[PDB]
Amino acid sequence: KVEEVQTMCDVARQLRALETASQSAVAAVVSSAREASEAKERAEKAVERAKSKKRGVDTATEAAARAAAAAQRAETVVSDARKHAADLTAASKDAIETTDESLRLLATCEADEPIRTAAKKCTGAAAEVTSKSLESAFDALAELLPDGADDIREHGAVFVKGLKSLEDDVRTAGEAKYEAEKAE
């Protein structure tokens, strides 16, 4: 029925948005680690300036140690983020293909007009997909199909988990940048 088609469309738009969301999350983490590293470099220069002066060396050194540790933490997140992004893109490839194929068959289905139309107009990706918008989309689809609902929610849970990981990565790297800058 057309409700189901439109609800499947919402899921498909969420799925189609994951590669862009992943790349966006990685780019955010990379910018954070860059900023953290710049704060580290400022603090390490400040140590040398102190050393030349023969004054204030303890406090500069302690601050630089904090900034350096924070940049190191940020750099670890870059590595984790790239892995989380590539895992999530890999995990969803088959789901995108399958869902798209369901919808393209409905668009040409021997199906009434609103159903062909809802399927045909289902092109493009959602904007600003989050673990929350993705979970909601799968919940909505599960709700229409009680015989298949447990399965649909578990299919979705994979992507919800992977997106939550990248969202945590973004936070973790942002916290590391924030400490690096506060230290310096």
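Quick note: we count residues from 1 along the sequence shown, nothing fancier.
Taking the mean C-alpha B-factor of each stretch as recorded, 30-38 and 115-123 are not equal, and the higher mean is that of 115-123. For the set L103, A86, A95, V78, the PDB entry assigns the largest Cα B-factor to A95. Sort the chain's modelled residues by C-alpha temperature factor and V47 lands in the lowest third, per the entry.
Among the modelled residues of its chain, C109 has a C-alpha B-factor that falls in the highest third according to the deposited record. Ranked within its chain, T59 lands in the highest third, by CA B factor from the PDB record. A69: CA B factor lies in the middle third for its chain, per the PDB record. When all modelled residues of the chain are sorted by CA temperature factor, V129 is found within the highest third.
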